[PDB]
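As a basis for the values below, the full set of heavy atoms in this structure was taken, side chains included, without hydrogen atoms, waters or symmetry mates. Letters A, B, ... are given to chains in the order of the sequence lines, protein chains preceding strands, and every chain is numbered from 1.
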Amino acid sequence: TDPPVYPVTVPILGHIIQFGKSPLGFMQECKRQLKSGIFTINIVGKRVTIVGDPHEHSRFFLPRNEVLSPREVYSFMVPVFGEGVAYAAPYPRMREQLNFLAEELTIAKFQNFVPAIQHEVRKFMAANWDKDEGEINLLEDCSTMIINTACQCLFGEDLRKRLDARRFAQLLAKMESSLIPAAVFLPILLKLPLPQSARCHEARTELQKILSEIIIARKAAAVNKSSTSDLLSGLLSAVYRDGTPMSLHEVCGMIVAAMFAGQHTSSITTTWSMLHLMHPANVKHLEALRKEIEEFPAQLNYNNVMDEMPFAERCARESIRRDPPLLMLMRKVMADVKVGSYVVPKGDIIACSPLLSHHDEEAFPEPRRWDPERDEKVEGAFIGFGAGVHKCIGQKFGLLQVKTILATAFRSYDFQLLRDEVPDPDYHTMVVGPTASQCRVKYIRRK
Amino acid sequence: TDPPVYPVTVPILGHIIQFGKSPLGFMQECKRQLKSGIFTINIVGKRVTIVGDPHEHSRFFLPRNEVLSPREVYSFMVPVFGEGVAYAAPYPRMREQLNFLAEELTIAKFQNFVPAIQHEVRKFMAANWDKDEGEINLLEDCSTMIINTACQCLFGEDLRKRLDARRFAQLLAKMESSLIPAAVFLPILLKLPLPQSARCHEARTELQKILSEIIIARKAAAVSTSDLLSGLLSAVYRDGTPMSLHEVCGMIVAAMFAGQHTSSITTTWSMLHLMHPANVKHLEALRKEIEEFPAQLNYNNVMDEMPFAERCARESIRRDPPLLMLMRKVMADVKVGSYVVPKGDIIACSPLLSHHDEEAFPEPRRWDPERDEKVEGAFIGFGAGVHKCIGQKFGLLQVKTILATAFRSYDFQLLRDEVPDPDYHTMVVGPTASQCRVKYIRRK
Ligand SMILES: CC[C@@H]([C@H](C)O)n1ncn(-c2ccc(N3CCN(c4ccc(OC[C@@H]5CO[C@@](Cn6cncn6)(c6ccc(F)cc6F)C5)cc4)CC3)cc2)c1=O
Ligand SMILES: CC[C@@H]([C@H](C)O)n1ncn(-c2ccc(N3CCN(c4ccc(OC[C@@H]5CO[C@@](Cn6cncn6)(c6ccc(F)cc6F)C5)cc4)CC3)cc2)c1=O
Ligand code: HEM
Ligand code: HEM
C-alpha cells in the first residue's frame with residue numbers, strides 16, 4: 001500500500017540535486033523506472049509523494065484542508081502575505097480572505113478592464129517599441145506590461161497618483177526577493193537573519209504607510225460627497241463572519257498576494273504565447289490568431305476578448321499546458337489518504353505536478369509539441385490553474401490580460417525569434433518561465 | 001546649548017556595559033561628574049539624553065507626540081500589540097486606540113470588580129496557602145493571583161470557558177518571548193527572523209481564532225455580560241469605522257501585559273516591605289486600616305477608604321519603579337531647562353533616577369509609606385502628561401485588594417535578612433525571583 005520510493009543514491013540530500021538539475025526528466029525517469037504513476041521521492045529527508053497519474057488528480061485536488069493542508073508547505077510566503085494572512089491564518093479565516101479577493105476578481109468586475117489594459121499596452125509600445133524594427137527582451141517587456149495593466153485595472157486613480165506601477169513593482173520586487181522557496185523542505189531557513197528580510201519588511205511598512213494615507217484622503221473626500229470602486233475599497237468593505245472588518249495589514253497582504261500571483265504567471269503565459277506564435281513552425285497558428293482579430297476595432301471591448309477570442313485562449317491554455325508556470329502544487333498530508341491503489345501516510349508532503357502530468361503520453365500525445373488545436377485525452381489532466389478546493393481564483397483576469405495583449409500586440413507587430421528554437425524553460429525560479437537570456441526578439445511595426 | 005556628554009571609553013558599544021552593570025549608580029555618577037541633572041549618554045552609538053532633574057520633568061511629559069514621539073522607541077512592542085497597532089499606527093489612530101482602552105479602565109466599569117478579585121485571591125489562598133505554615137515563592141504567587149484576577153474582571157464567562165487564566169498566561173508568555181528590548185538601540189533586530197521570532201505569531205493567531213469563535217457565538221445568541229472585548233467591539237473611530245479583530249486583540253493583550261507585570265511586582269514589593277521586621281510599625285498601620293472593614297470588601301472600601309495601603313503601593317513603586325526608563329524620540333529641537341536637546345536624540349526620563357534624587361526623596365533606599373515628594377512632580381512611577389498611565393486605577397485596585405485580603409488572614413516571614421535586591425535584567429523590573437521565598441503563617 002506504500003507507494004514505491006525511488007532508490008536514494010546520495011546520502012542526506014536525497015534526490016534534491018537530480019530533481020533541480022532536470023525536474024521533467026527526473027520525474028519521467030521515476031514514473032518509468034518504478035513502472036508506476038504514483039511514487040515517493042526524498043528531498044532533504046522529507047518524503048514527497050507525487051500523484052503523477054492524471055486519472056488520480058482528484059485524490060489531491062478535492063480532499064479538504066483539514067486532510068490535505070496548504071498551510072505548512074506554503075509558509076515561506078509569509079513575506080508576500082504578512083504573518084497571520086492567507087495560508088498562515090486558520091482555515092475558516094483563510095477561506096474568507098481568499099473569497100473576498102476572489103469576488104474582487106470576477107468577470108462581473110471587468111466592465112472597464114479591456115480599455116484599461118489596452119491603454120497601458122499601447123503606452124508601453126509607443127515608448128519602447130517605437131522604431132520600425134528593434135531588439136527587446138520579450139519576457140522582461142511582457143512582465144512590465146502585465147504589472148502596469150494589472151495596476152491600471154485594480155488600482156483607482158487616487159491610488160495610482162501616489163503609487164504608480166513602476167513604484168509598486170519596485171516594492172513588490174523588494175518583498176519577492178525575501179522569498180526562500182527551499183524553506184518548504186528546510187524550514188530552519190525561515191529562522192536565518194538574512195538581510196533580504198529587512199528589505200522586505202521595509203517595503204511592506206512603506207506600502208502600508210502609503211495605503212493608509214490614501215484611505216484617509218478617501219474618507220476626507222467621502223464626507224464632502226462619494227463614487228468609483230477598486231480592489232482596495234472592495235476589500236476595505238469586506239466584513240468577516242464575525243462582526244469585523246479586515247485590518248490594513250490583511251488588506252495589504254491580499255493586495256500584494258493578488259499582484260504577485262498575477263505578475264509572473266500571466267507574463268510568462270504571454271511570453272510563451274508570443275514566442276510560440278512567432279515561431280515559423282506555427283505560421284498556420286499565427287494566421288489563425290490574425291483571422292480571429294482581423295475584424296476588430298482599434299479599441300477592443302469586453303465581448304471581443306471574453307466571448308470572441310477562443311483561439312487566443314487556446315493559445316494561452318496550451319502555452320501553460322506545455323510549460324506550466326507552477327511546476328508543483330503541494331500539501332502536507334494530515335491523515336492517511338488513499339491514492340490509486342496506495343496509502344499515503346500522515347506526514348508526507350504530497351504533490352501534483354502540472355509539469356509531469358501535462359507530459360503524460362496517454363493524456364497529451366507529443367507533449368513537447370505546442371498545439372493550440374489540441375485537447376486533453378484524459379479527463380482533468382490539464383491542471384495549469386489547479387483544480388478543487390484551491391482552484392486559481394484569478395484565471396479569468398489573467399487570461400483577459402494575456403488575450404488583450406496578444407490581440408493588441410499582433411495587430412500592430414510581427415516578431416522574429418533570434419534563435420532557431422523556442423526558448424528552453426528555466427526551472428531555477430519559483431515561478432517558471434522561458435529562459436530570460438534566450439528571449440531577445442526583434443519587433444517589426446506594420447505597413 | 002548642548003547637554004554635556006559623558007566621556008565615552010568603549011568604542012562601538014559606548015556606555016551599554018557600564019549602564020547594564022549598574023543602571024542607578026552609573027546614572028548618578030554622570031549626574032555628579034557633569035554637575036547637571038540633564039546629560040547625554042551613548043548606547044551602541046545612539047545618543048540618549050536623560051532628563052535627570054526632577055525640576056525639569058515637565059519638559060519630557062507635556063509636549064505632544066509630534067515634538068517628542070513614542071513610536072520609534074516603543075516599536076519593539078510589536079510582538080504584544082500586533083502589526084500597525086498602538087505605537088505602530090499613525091499618531092491620530094494610536095491616540096484613538098489608547099483612548100478606547102482608557103475608557104475601558106475608568107472607575108465606572110469597576111462596579112463588580114472587588115468581589116471578583118477577592119474571590120480569585122481567596123480561591124488562590126485556599127488551595128495554595130492552605131496549611132498553618134508553608135513556604136512559597138511570593139513573586140510567582142502574586143503573579144498567578146494577578147493573572148487570575150485580571151481575567152476574572154476583564155473577560156466574560158464565555159471567553160473564560162475557552163481560555164482560563166492558565167491558558168491566557170501561556171499565550172501571553174509566548175508573545176513576550178519574542179520581545180527584544182535592545183531593539184530600541186538596534187532596530188535592525190525588528191526586521192530579522194531570530195529563532196524566537198515566530199512564537200508570538202503562533203500565539204496571536206490562536207488567540208484571534210478563539211476571539212472570533214467567541215464573537216460568532218455571542219452574535220448567534222444576541223437575536224449584563226458587558227466586558228473588555230464587547231467594549232472594544234463597540235468602539236467607533238472618529239472616522240466612520242470599527243476596530244478589526246486584530247486591533248481589538250492587540251489592545252486586550254497590551255492591557256493584560258501592562259497590568260500583569262507592574263501590578264505583580266507592586267504587590268510583591270509591598271508585601272515584602274510590610275513583612276520585614278524593620279517595618280512592623282507600618283504593618284500595624286495597615287491592620288488598623290484593614291481591621292475596620294467587613295470580610296466582603298467593595299468598590300468604595302479599597303478605592304476611597306484605604307489611603308495607607310495606597311501609600312504602601314506607591315512608595316514601593318517609588319523605591320523600585322517597575323519601568324526604569326521612559327523614552328521618546330525627539331522629532332524637533334526641544335529646550336530642557338537651559339540646554340537644547342537636538343533633533344534625533346532619544347530623550348529619556350528615568351523613574352529610577354528621579355525617585356533617588358535626595359532633594360525630592362531623602363534616604364531614597366528607605367521604604368517609608370508615610371513620606372511625600374519634597375519636589376512637586378518628582379514621583380513618576382505612573383508617568384505623566386500626554387502619556388500618563390491609564391491603568392493605574394485598575395492596577396492599584398488589584399494590588400490593594402490583595403494586600404488587604406492577604407494580611408487580614410496571614411502573616412509572612414522573609415526567609416532572608418533583607419528585602420530582596422531588584423533585578424534589573426528584565427524589561428519590567430521586579431525583585432529577584434529567587435530571593436522571594438517566603439513563609440506564610442495563618443493567623444489565629
Ligand atoms: C544545491 C542544491 C540546489 C540545486 C539542486 O543544485 N537547490 N537547492 C534548493 N533547490 C530548490 C529550491 C526550490 C525548489 N522549489 C521549492 C518551491 N517550489 C514551489 C514553487 C511554487 C510554489 O507556489 C506556491 C503558491 C501556489 O500558487 C501561488 C502562485 N500563484 C497562483 N496563482 C498565480 N500565482 C499563489 C497562491 C496564492 C496566492 F495568494 C499567491 C500566490 F502566488 C504560490 C510553491 C513551491 C518549487 C520547487 C526546489 C529545489 C535547489 O534546486
Ligand atoms: C541580549 C538578549 C536579549 C533578549 C531579550 O534576551 N536582551 N537581554 C536583555 N535585553 C535588554 C533588556 C532591557 C533593555 N532596556 C530596558 C529599558 N527598556 C525599556 C523600554 C521600554 C519599556 O516600556 C515601553 C512601554 C511603556 O509602557 C508600557 C509598559 N506599561 C505601561 N503600563 C504598565 N506597563 C506599555 C504602554 C502601553 C501599553 F498599552 C502597554 C504597555 F506595556 C510599555 C520598558 C523597558 C528597553 C531597553 C535593553 C536590553 C535584551 O534585549
Ligand atoms: C494566468 C496565469 C495563472 C496561472 C497559470 C495560475 C495558476 C494557479 C494554480 C496552478 C493554482 C493552484 C494552487 C495550488 O493548488 O497550490 C492557483 C491558485 C491561485 N491563484 Fe492562480 N494562476 C494564474 C493567475 C492568477 C491571477 C491573476 C491571480 C490574481 C490574484 C491568481 C491568484 C491565485 C490565488 C489567490 C490561488 C489560490 C487560491 C486557494 O488556495 O484557494 N492566479 N493559480
Ligand atoms: C502598578 C501598575 C502600573 C504601573 C507601575 C504603570 C506605570 C506606567 C508608566 C510609568 C507609564 C508611562 C509610559 C511612558 O511614559 O513611556 C504608563 C503608561 C501606560 N500604562 Fe501603565 N502602569 C501600571 C499599570 C497599568 C495597567 C494595569 C495598564 C492597563 C491595564 C496600564 C496601561 C498603560 C498604558 C496603555 C500607558 C501609556 C499609553 C500612552 O502612551 O498614552 N498601566 N504606565
Side-chain angles (χ1 to χ4, degrees), chain A residues 71 75-76 78-79 82-85 87-94 96 178 180 183 187-205 208-209 211-213 215-216 218-220 222-223 236-253, chain B residues 75 78-79 82-85 88-93 178 187-195 197-220 222 229-230 232-237 239-250:
Chain A
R71 207 199 324 285
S75 59
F76 80 92
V78 150
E83 281 294 343
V85 183
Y87 304 115
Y91 302 129
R93 187 55 138 231
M94 169 196 85
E96 280 174 77
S178 173
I180 311 135
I188 229 291
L189 270 46
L190 297 170
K191 324 278 207 80
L192 294 201
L194 290 161
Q196 341 295 328
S197 314
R199 291 158 49 126
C200 163
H201 192 96
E202 273 154 20
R204 196 185 167 66
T205 111
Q208 295 184 20
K209 169 178 149 235
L211 286 204
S212 138
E213 276 165 31
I215 289 180
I216 286 162
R218 246 118 109 146
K219 284 148 173 173
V223 175
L236 274 183
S237 62
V239 179
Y240 288 117
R241 257 170 129 292
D242 55 48
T244 67
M246 269 187 285
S247 49
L248 202 43
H249 86 111
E250 296 148 37
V251 165
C252 177
Chain B
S75 303
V78 201
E83 213 207 338
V85 171
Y91 302 120
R93 184 42 62 90
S178 293
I188 183 98
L189 297 191
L190 294 173
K191 322 195 210 186
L192 295 177
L194 299 151
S197 276
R199 284 181 83 80
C200 68
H201 300 291
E202 293 156 351
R204 188 181 196 77
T205 105
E206 173 75 356
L207 187 49
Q208 294 196 32
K209 161 228 219 160
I210 281 153
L211 299 176
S212 172
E213 287 171 13
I214 285 292
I215 289 159
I216 290 172
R218 225 112 123 160
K219 274 166 122 81
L229 174 57
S230 64
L232 296 155
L233 286 174
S234 68
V236 178
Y237 292 121
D239 69 7
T241 65
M243 285 190 296
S244 63
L245 186 50
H246 171 75
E247 297 147 318
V248 174
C249 187

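Checking B:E213, B:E206, B:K209 one by one against A:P90, the side chain to side chain contact (heavy atoms under 4.5 Å, CB included) holds for a single residue, B:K209.
Only the backbone of B:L190 comes within less than 4.5 Å of a heavy atom in chain A; its side chain stays farther off. Within the 4.5 angstrom heavy-atom criterion, no atom of A:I216 approaches chain B.
B:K191 has its side chain out of reach of A:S197: every pair of non-hydrogen atoms, C-beta onward, lies at least 4.5 Å apart. At least one side-chain heavy atom of B:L233 sits less than 4.5 Å from a side-chain heavy atom of A:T244.
For B:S244 against A:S247, the heavy-atom pair with the smallest separation is OG-CB, 3.4 Å. Taking both residues in full, the closest heavy atoms of B:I215 and A:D242 are given as CG2-CB, 3.7 Å, listed atom of the first, atom of the second, then distance.
Using a cut-off of 4.0 Å between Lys/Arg side-chain N and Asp/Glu carboxylate O, A:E83 and B:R204 are scored as not salt-bridged.
Atom CZ of residue B:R93 and atom OG of residue A:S212 lie 8.0 Å apart, to the nearest 0.5 angstrom.
Contact count against chain A (heavy-atom pairs under 4.5 Å) is highest for B:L245 among B:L245, B:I188, B:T205.
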